[PDB]
Structure formats: structure tokens, C-alpha cells
Amino acid sequence: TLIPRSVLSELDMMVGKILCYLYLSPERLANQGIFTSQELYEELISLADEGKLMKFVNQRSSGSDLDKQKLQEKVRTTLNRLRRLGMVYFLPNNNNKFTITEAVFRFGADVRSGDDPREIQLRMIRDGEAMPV
Amino acid sequence: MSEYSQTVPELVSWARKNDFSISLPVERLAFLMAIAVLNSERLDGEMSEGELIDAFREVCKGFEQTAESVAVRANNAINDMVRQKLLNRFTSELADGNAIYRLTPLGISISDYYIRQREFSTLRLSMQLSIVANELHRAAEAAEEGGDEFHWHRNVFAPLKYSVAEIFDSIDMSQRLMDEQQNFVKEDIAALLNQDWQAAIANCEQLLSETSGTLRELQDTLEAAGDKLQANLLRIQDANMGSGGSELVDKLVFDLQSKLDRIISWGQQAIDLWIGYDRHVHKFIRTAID
Amino acid sequence: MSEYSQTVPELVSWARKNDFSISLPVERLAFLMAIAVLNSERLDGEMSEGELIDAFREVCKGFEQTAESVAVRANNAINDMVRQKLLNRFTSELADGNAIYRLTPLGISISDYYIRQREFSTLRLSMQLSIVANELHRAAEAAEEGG
Amino acid sequence: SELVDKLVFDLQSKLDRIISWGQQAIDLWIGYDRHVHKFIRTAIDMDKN
């Protein structure tokens, strides 16, 4: 390439795959696409390993509220980066609420076909879609 | 089935697999004690994260430590206490993410050992012996009245297991406290003899006589009550043997008899050890005077 | 008199002055629990130094540690447990120079918390409430009788 | 007797704490129970294909 290429962080992926599940969820379709940072955070902690994920915020985290607020602020920051990428749009007057777009489906590129995960991953790296860490 | 179902090798393997460890340096121990005191002054037995941080700040101030990173240090200390099983943390969605803290049975036992001024009381022992004598008498009467497995489980096994066994454990703990008090008197006698031995002879003789008198009063109280307690345990054993014989009641009565024999034997052994030390101190005083 | 006669600053100053500390790594904690199990199987509630060294040898085997210097390590562990107020050491001339060891209330509380399988029992609670109700009722009758 | 009054007050305070703890534990357990049931229902029933 004549133009530089870069990769997203693993926290960005966690927020990306969660935003993807949120888009699909018919249970929340009644919101008309408007979600709140707190709802996103609540869904994320419901699915992923909370205490093990906390390791990325700080190597000494053990469930303290200061560390929980630090995690929430990192989420707030990464979500803002995804907005610049065009993956989510904030409301015109309220920044605690936002709307999703279909571009988030790229986070599901590792599972859209019901096949061997290793082979899928190999195919993706071969196509230049994704790198390991 | 032995209260401790695990052999020493099974227990050591279990402890190693679970990675259990306790590391409470002076600052961490002071913080645990401050938390225990703050919890005792409250109406709900619950502490918030901010209140724990304020308590840690007071400990850091008492240790004249730098006010830098105190919030981080307090979080590390709180996480360490939770990680060492001294505090239980409750994270409720209803509490908007605010965690509620309560001390564990372990954290309370360690903090109470240092903060609770436990003195051996002949009155406490006499009361505990009076309650257990009444409980054993009621269990013996119920055992002699006879009945079904439900009568024996509710009126004989439950009182022996959940009341008599706990009071015997409390008496044993009081005896262990007396063991510590004797070691404290020994340190005081060694200190009085190291400062001014000539002026300390009268004080040492008084401490030796008073400790001997207390041990004798305790042993006399235990011997006087011990026979009545052993008679009631034998009444229950005879009644159990006559009404088929629950192996669970027999094992429990045997454990209680063994604990009672240990409680009675401890008093005689403590008196013998104290007599040996008394003779040693008098020999030392005679050698120093000569 | 509040069971805890000292304010937090007084307690902190008192703790700092007496230099109280507990250091129980996994091996020392396992040694304490081993001593508690061995003591509960005995008729005299007393342990000799040789029995403590053997108990420590059994723990060292469980930690897959070398049998070299086990006696020195055992003596250091025993001295450390005595220094941390987990074991009371009695040296009687009558015991032919042999030291007797007994677990302290602290050593028993710590060992029981991990080894005693304490499960909540509704029957236990109902019994405890029955005893306290009778004790409070007698105390109330005695208070009303006056004296 | 100031000693008996203080002791009775302490025991009453302990009894209130003992009674209050049970209701609080039930509320915390209910919050979790509702959350796990909601999660299971969302996981099971809302994906239909």
C-alpha cells in the first residue's frame, strides 16, 4: 500500500462485538436505535468476564469502584474513537445517548459462516482483513 | 464423621491447590482493626467504599505516611483484604454500581483477637458450666423418655451438637486464653527480676500465689462440675444403647466425653506446669540471694 | 464500657507501638492447619516439638520440598508461630527439657475457618434462638423480682 | 445500673443488626436472581431462527 494501515485495540473489539449484538437485539429495537453508555456497559459486563477484563484497565484491579469508573471512562474514550470511524452517531444535543449503523457488522467477520474458527481466521489474515496480536 | 474429614496430606494438597495465604503487616492489621471498630459503631453492619477509604486515611495519618496516592493505596489494601477473604463485597445493579462491604468470619476472628480484651473469668466459666449442665440434663431426660428418630434428632442430637459442643469449645478457648495470661505473667516475672530482683521478690511471690490460686479455683470448679456432666453424658449413652443406638449420637457423645476429658486434664496439666515454673523461680531467687 | 475501649487513632497508635503482624504464606498456613488436625485427634490437646517437626515434614512433602534442613526450617517455623502468637510454648523442667506446645485462640480461629466445614443450619439458628429466649426470659424475671 | 443499661442497649443494637441483615441479603439476592432470569430469557427466547 501507498497509504499506511493500522489495527484496532482489543478493547475496541470488545466494544465492537457488543455494539454488533446490540444492533441485532430485537428486544431493544423499540428504542428506535437510541442507546445509552450505561446500557452498553451493562450488556458488556453481563457477557464478558468482568474481573478478568479489568486486567486491561489496570494490572492490580480487583473490583474497586475507582477502577470500575476508570473502565467506564476508557469505554467512553474508545466509543468516541468508533464515532470518528463512522460506526456510531451521537445525538445532536445529548452526548450520553447515541445510534448504531450497520458498519458494526465487520466485528462479526470471524463467525458469519458456521465453520472451523481456525480456517476462518487464516482466510481473514490472507485477505488482509485482520491481524493477530 | 470427624468434624475434620480430611487427612493431613489431603488438607495440605487442598491448601496448596487453593493458594490460601495471609499477609497482614502492621499497617494492614491496623486497618483491619479500624474497620472492625467502625463496623461495631454502625446500625446496619455495612460499610461503603468511601467510608473504608476514610478509615485507611486515618491509619496512614497515624503511621505519618505521605498523602500521595492514598486513594490508590486504600484500593490496593481493600482489594488485598477481599483477596485474603477478610471482606465480602456486594455489587448490586440496584445500588448504581456502589459496592457494599461486610467483614468475613475470619476477618472478625483476627480483629477481635487483638481488640477484644478477653480476660479469663471464673464467673464466665461458672455460667457456661451452669448452662451446659442444664442443657445436658434436658438432653439426658429426653434420651431417657425415649422416642422415634425425629425425637432423638431434635431433642438429643441437636442440643448436643449445636449447644453443648459450642459451649465446650468456648470453655476450651477460655483455657487457651488462660495459657496466654500465664505466659504474660511469666514475662512480667522475668522483667521484675531483671530490673530490681531484691524489690521484685515480694511482687513475684504474690503473682505466683495469685496465678496458682486462680488455676486451683478453676480446676476445682471444673472437677466439681465435670462429674455431673460426665454422669449426664453416660445417662445419654446408656439411653442410646437401650433405644437401638444411633451411631451418630454415640460418636457425638464420645467426642463430647473426649473434649470434657481434655478440658479436665488441661487444668491439672496447667497446675503442674505452673508448679514447675514456681519451683524454678524460687530456685533462681535462692541462687541469686545466695 | 464499649467492648472496644479505644478510639481509631488510639488503636492505631497502640498497634504501631506494639508492632503486631501476621505473616502466613501458603506453607506456614498449611502447617498451622496440620497442627490443628493433629491436635483435635489427641486426648491431651498438647504437642511435643518432635511431633511438630514431623507435622512440618509431612507439610514439606506436600509442598514437594527437599528433605534437607527440615529440622532447621521446622524450628524456624515453630519460633515464627510462637512470635506471631499462634502457638504457646511451655518449657517445663519436669518434662525432661522437652517443650510443650498448645495452639492459641488466634491459631484455632484461623485454622478452624479453613478446615471446619461450616454450613448454615436453620436447626442451629432455631436452637440458638430457643436458648437465648430462655436466658433472656430468666434474666427478665430476675430483673422484675428485683434485688 | 449504668452497666446493665449499656449492656441491654448494646444487645438491642446487635439484635436490630441481625434482623436488618436478612432483609438486605434478600434484596441483593433478588436483584441478581432477576438479572440472571432476564439474561437467560434474552439468550433463549429472543433469537428465533
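Preceding this section is the structure that the text describes.
Residues numbered from 1 in each chain as written, not as in the entry; some residues may be left out. Chains lettered and ligands numbered in written order. Part of a larger assembly, values for the part shown. Heavy atoms only, no water.

Explanation requested: the packing of helix α7 (residues 149-195) of chain B against helix α9 (residues 247-289) of chain B in the structure shown.
A pair of packed helices can be characterised by two numbers: the angle between their axes and the separation between those axes. All names here are of chain B. Packing of α7 against α9 brings their axes to within 10 Å, and their N-to-C directions diverge by 10°. By the angle between their directions, the pair α7 and α9 is classed as roughly parallel. Across the contact of α7 with α9, the residue classes tally to 25 nonpolar, two polar and five charged. (Axes fitted to C-alpha atoms, helices over the stretch in contact; angles between N-to-C directions. Helix = DSSP H or I, 4+ residues; strand = E, 2+ residues; numbered from the N terminus. Parallel < 35°, antiparallel > 145°, perpendicular 65-115°, else oblique. Nonpolar A, V, L, I, M, F, W, Y, C, P; charged D, E, K, R; others polar.)

Would you take a moment to explain the packing of helix α2 (residues 26-40) of chain B against helix α1 (residues 8-18) of chain C for this structure?
At a minimum axis distance of 10 Å, the contact between α2(B) and α1(C) shows a crossing angle of 150°. Between α2(B) and α1(C), the angle is such that the two are roughly antiparallel. Two packed elements cross with a definite hand, and for α2(B) against α1(C) that hand is right-handed. Counting all contacts with α2(B), which are made through B:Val26, B:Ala30, B:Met33, B:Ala34, B:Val37 and B:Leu38, the residues of α1(C) involved are C:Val8, C:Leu11, C:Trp14, C:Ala15 and C:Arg16. Here the residues of the contact of α2(B) with α1(C) sort into 10 nonpolar, no polar and one charged. (Left-handed = near helix turned anticlockwise from the far one by under 90°. Contact = heavy atoms within 4.5 Å.)

Where do I start with the interface of chain B and chain C in this structure?
Reports often express the size of an interface as the amount of accessible area lost when the parts come together. Contacts between the two partners involve 75 residues from chain B and, on the opposite side, 68 residues from chain C. Linking chain B with chain C are six salt bridges. Among the salt bridges present, the one from C:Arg124 reaches B:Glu166, with a minimum N-O distance of 2.7 Å. Taken together, the connections running from chain B to chain C amount to 19 residue pairs in polar contact. Residue assignment for the side of chain B that touches chain C shows that the elements contributing at least two residues are α1 (8-18), β1 (22-24), α2, α3 (49-62), α5 (105-115), α6 (122-145), α7 and α9 of chain B. Examining the composition of the side of chain B that touches chain C, we find that 15 residues originate from one element, α7(B), more than from any other. A class-by-class count of the residues in the side of chain B that touches chain C yields 37 nonpolar, 18 polar and 20 charged. As paired strands, β1(B) and strand β1 (residues 22-24) of chain C are joined by three bridges and run antiparallel to one another. (Salt bridge = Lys/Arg side-chain N within 4 Å of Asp/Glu carboxyl O. Polar contact = N/O pair within 3.5 Å; in protein donor to acceptor, adjacent residues only side chain to side chain. Pairing = 2+ DSSP bridges.)

It is not clear to me how the arrangement of the chains should be interpreted in this structure. Could you clarify?
Take the five pairs of chains in contact: the one carrying the most contacts is chains B and C. Across all C-alpha pairs, the smallest distance from chain A to chain C is 20 Å, and the two are not in contact.

Looking at this structure, I do not really get a negative patch on the surface. What am I missing?
Residues and elements named next belong to chain B. A contiguous patch of negative charge on the surface is contributed by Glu217, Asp220, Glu223 and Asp227. Assignment of secondary structure puts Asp227 in helix α8 (residues 197-242). Taking relative accessible area as the criterion, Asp227 reaches 60% and is therefore assigned exposed. (Patch = residues over 30% accessible without salt bridge, like charges linked within 9 Å, V, L, I, M, F, W, Y side chains within 5 Å. Areas by Shrake-Rupley, 256 points an atom, 1.4 Å probe, with all protein chains shown as cover. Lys, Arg positive; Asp, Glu negative; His and termini not counted. Charge placed at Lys NZ, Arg CZ, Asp CG, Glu CD. Buried < 20%, exposed > 50% of the residue type's maximum accessible area, 1.4 Å probe, protein only.)

Can you help me understand the side chain of A:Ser37 in this one?
Residue and element names in this part refer to chain A. With respect to the secondary-structure elements, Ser37 resides in helix α2 (residues 37-47). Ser37 gets classed as buried once you look at its relative accessible area, which sits at 19%. Ignoring any residue separated from it by four or fewer positions in sequence, one finds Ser37 in contact with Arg76, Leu79, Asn96 and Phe98.

Sorry if this is basic, but what is going on with the sheet that holds strand β3 (residues 87-91) of chain C here?
In a beta sheet, neighbouring strands are held together by backbone hydrogen bonds and run either parallel or antiparallel to one another. Spatially, β2-β4-β3 (chain C) is the arrangement adopted by the three strands of the open sheet, whose pairing is antiparallel. Every interior strand has two partners, whereas the edge strands, β2 (47-48) and β3 of chain C, have only one. Of the strand pairs in this sheet, β3(C) and strand β4 (residues 99-103) of chain C are connected by five bridges, and their pairing is antiparallel. When the sheet's bridge partners are listed, C:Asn88 is paired in β4(C) with C:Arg102. With respect to the sheet, α7(B) is in contact with β3 and β4 of chain C, its orientation differing from that of β3(C) by roughly 55°. Of the strands in this sheet, β2, β3 and β4 of chain C touch helix α2 (residues 26-40) of chain C, which is tilted by about 100° from β4(C).

Please explain α2(A) as it appears in this structure.
An α-helix turns once every 3.6 residues. As a result, residues three or four positions apart point the same way. Along α2(A), the positions that sit buried rather than exposed are A:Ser37, A:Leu40, A:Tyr41 and A:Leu44. Down the axis of α2(A), the buried set is contained in an arc of 95°. They therefore lie on one face. (Arc of directions from axis to C-beta.)

Would you mind going over the pattern of salt bridges with me for this structure?
Opposite charge on two side chains makes pairing possible when the charged atoms of those side chains draw close. What the rule picks out here adds up to 33 salt bridges over all chains. The salt bridge involving C:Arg116 is made with B:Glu3; its shortest N-O contact spans 3.4 Å. Taken as a pair, C:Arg116 in the loop between α5 (105-115) and α6 (122-145) and B:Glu3 in the segment before α1 lie in two separate chains rather than in one. For C:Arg116, a relative accessible area of 16% corresponds to the buried category. Given the relative accessible area of 44%, B:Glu3 is considered partly exposed. The salt bridge partner of C:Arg116 is C:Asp112, with a shortest N-O separation of 3.7 Å.

What is the right way to read the sheet that holds strand β2 (residues 47-48) of chain B from this model?
Residue and element names in this part refer to chain B. Read from one edge to the other, the open sheet built from three strands follows the order β2-β4-β3, with strand pairing classed as antiparallel. Across the chains shown, the open sheet's two edge strands, defined by having one partner strand only, are β2 and β3 (87-91). By the bridge criterion, two bridges tie β2 to strand β4 (residues 99-103) in an arrangement that is antiparallel. Bridge pairing links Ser48 to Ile100 in β4.

Can you help me understand the environment of B:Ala200 in this one?
Residue and element names in this part refer to chain B. Mapped onto the elements of the fold, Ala200 is located in helix α8. As for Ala200 and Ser265, which are separated by 65 residues in sequence, their C-alpha atoms are 32 Å apart. Apart from residues lying up to four places away in sequence, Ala200 is in contact with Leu192 and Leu193.

Explain the environment of C:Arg83 to me, please; I cannot follow it from the model alone.
Mapped onto the elements, C:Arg83 comes out in helix α4 (residues 70-83). Separated by 62 residues in the primary sequence, C:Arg83 and C:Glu145 place their C-alpha atoms 50 Å from one another.

Mind showing me how you'd approach a nonpolar patch on the surface here?
A cluster of nonpolar side chains, namely A:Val7, A:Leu122, A:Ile125 and A:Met131, defines an oily patch on the protein surface of about 370 Å² accessible area. Counting through the fold element by element, A:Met131 comes out in the segment after α5 (117-127).

It is not clear to me how helix α4 (residues 65-84) of chain A should be interpreted in this structure. Could you clarify?
All names here are of chain A. The first and last C-alpha atoms of α4 sit 29 Å apart over 20 residues, in line with the 28 Å expected at 1.5 Å per residue. Of the positions making up α4, those classed as buried are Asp65, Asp67, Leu71, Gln72, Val75, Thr78, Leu79 and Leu82. Down the axis, α4 shows its buried residues gathered within 155° of arc, on one side only. (Expected span 1.5 Å × (residues − 1).)

Quick question: what am I supposed to make of the side chain of B:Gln84 here?
Within the secondary structure, B:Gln84 is located in the loop between α4 (70-83) and β3. The class for B:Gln84 is buried, based on a relative accessible area of 15%. A polar contact of 2.9 Å, which involves the side chain of B:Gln84, links it to the backbone nitrogen of B:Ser23. Excluding residues that lie within four positions of it along the chain, B:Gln84 makes contacts with B:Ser21, B:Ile22, B:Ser23, B:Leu24, B:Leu106 and C:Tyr114.

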